[PDB]
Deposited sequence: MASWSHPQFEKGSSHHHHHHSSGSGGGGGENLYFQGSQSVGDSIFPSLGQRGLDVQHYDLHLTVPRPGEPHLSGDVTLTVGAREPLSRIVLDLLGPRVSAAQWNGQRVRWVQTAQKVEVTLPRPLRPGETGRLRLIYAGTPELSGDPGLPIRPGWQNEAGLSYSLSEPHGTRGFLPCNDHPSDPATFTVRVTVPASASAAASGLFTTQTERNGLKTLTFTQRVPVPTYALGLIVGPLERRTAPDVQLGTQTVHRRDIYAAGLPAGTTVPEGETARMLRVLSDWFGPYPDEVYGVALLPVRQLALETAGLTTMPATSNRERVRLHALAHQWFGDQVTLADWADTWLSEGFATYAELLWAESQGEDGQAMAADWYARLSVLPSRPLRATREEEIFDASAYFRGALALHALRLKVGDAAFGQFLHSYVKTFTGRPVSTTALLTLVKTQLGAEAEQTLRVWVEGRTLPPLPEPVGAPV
């Protein structure tokens, strides 16, 4: 069956655990949606599976293999079903290879954006939150199932490409270039960054977070507006302040891909996809904070988006305080702007809620209430334990409350409960 998401009940396959995607993507003309793909999924399972059912929306599979053998497959309107010769059982892993080509389709909900493979002004790129990656990649398209990625992108020699993960090698043959990237920490499918077109890679000095080293590089697309810049040394300072709050930076590199398109930013892994119209300090910090909350700590259900958006938004207040600003004052402007609009319990119930004003600011103010309740020292240690508790394990609002009660006490749990439940907006959290 499907994963059973409360918001998108048809996505994914229950019990499937994709561990790695080995993707060879070819884009013949950047800016045009057509492409071809060759992917090998290394998959495990949490329950016996007699079939592998992946989300795919657009392209047409031409061949399928399981452990190097011919395999039975069929492609429905939104899925590819692969009948295995014997069931995949917990503890086992197999290699599913799918050959496909065609045109990715954007998923609907007119959601702030139609997610999927984007094409505009000589650029083709992924902006796939929540469920757009299935457009160009046969995948278990649900954040409950993060995975590692190895991406081989083949584009004309006149163009270039950039995907999440460390840049390894580039080869050229018959007017085509192939670039290889290795995303070596598991992230959700929508966090797979992929951009092809006129792109320039720009390295920066390595950042050192204690004993961890974080490589630095940004992507600069052509035709950026005036003032589309990343200030020198800013990313290093953000990494320092954030990792001191949340724990080690989960990836090996970080930067932004500045695109001359008009869209909202997306926290694609280790390489934030950043349209110029969203390039702001708070957004650059927000997207970086998501590398912990969203990419490393992933959602068990799309209803709990406030665990990603509320946490990343509160990191903007943490960064503001680090830079000498009044955090309580910032929380007051959040409350004032929420006062005017409707509120809801933090568990979303329908599609239009998962990215509304309460996912961001009521979720952030929920953490403010907890922080003022327990103290900055206890709050900081909690965020560290929260990241570690939910690394390699999808997070839920219910599981968060349990961890708060376990670590911070039942009283703190009750304080968070006030903000997690109830339709009306509680009073502005203030220091007692």
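List in ascending order the stretches of the deposited sequence, numbered from 1, that lack C-alpha coordinates.
Model skips 1-37, 148, 471-474 of the deposited chain.
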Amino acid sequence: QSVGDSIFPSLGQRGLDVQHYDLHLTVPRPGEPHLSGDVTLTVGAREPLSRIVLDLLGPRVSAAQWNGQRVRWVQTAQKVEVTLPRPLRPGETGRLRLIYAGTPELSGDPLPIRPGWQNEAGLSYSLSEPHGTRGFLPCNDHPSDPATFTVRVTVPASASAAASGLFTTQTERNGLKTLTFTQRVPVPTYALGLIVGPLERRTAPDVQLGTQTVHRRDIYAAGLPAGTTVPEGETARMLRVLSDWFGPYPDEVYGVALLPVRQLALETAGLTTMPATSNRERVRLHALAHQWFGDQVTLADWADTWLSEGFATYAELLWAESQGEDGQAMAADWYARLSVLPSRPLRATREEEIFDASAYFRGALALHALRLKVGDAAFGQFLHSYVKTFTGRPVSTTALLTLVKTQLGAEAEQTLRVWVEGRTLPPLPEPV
From here on, numbers count along this sequence of modelled residues.
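For clarity, a rigid core is taken as the largest C-alpha set superposing within 1.5 Å between two forms.
After fitting on the rigid core, pick out whichever of 142-150 or 225-233 shows the bigger RMS C-alpha deviation in 5 other deposited structures of this protein.
It is 225-233 that deviates more in 5 other deposited structures of this protein.
What about residue 108, is it left unmodelled in a third or more of the other PDB entries we looked at?
Residue 108: unmodelled in at least a third of the other compared entries.
Mean C-alpha B-factor comparison - 8-16 and 408-416, higher one
Per the deposited B-factors, the answer is 408-416.
Can you tell me which stretch has the higher mean Cα B-factor, 73-81 or 182-190?
Mean B over CA atoms: larger for 73-81.
Using only the C-alpha B-factors in the record, can you name which of 148, 291, 339, 273 has the highest?
Of the candidates given, the C-alpha B-factor peaks at 339.
Between 101, 163, 332, 239, let me know which has the highest C-alpha B-factor in the entry?
Across 101, 163, 332, 239, the entry lists the biggest C-alpha B-factor for 332.
Looking at the C-alpha B-factor of residue 60, is it in the lowest, middle or highest third of its chain?
It falls in the middle third of the chain.
Considering every modelled residue of the chain and its Cα B-factor in the PDB entry, is residue 301 in the lowest, middle or highest third?
It falls in the bottom third of the chain.
With respect to C-alpha B-factor, does residue 172 fall in the lowest, middle or highest third of the chain as deposited?
Residue 172: CA B-factor falls in the highest third of its chain.
Would you mind ranking residue 327 by its C-alpha B-factor against the rest of the chain and naming the third, lowest, middle or highest?
It falls in the middle third of the chain.
Which third, lowest, middle or highest, does the C-alpha temperature factor of residue 128 belong to within its own chain?
Lowest third, going by the recorded CA B-factors of the chain.
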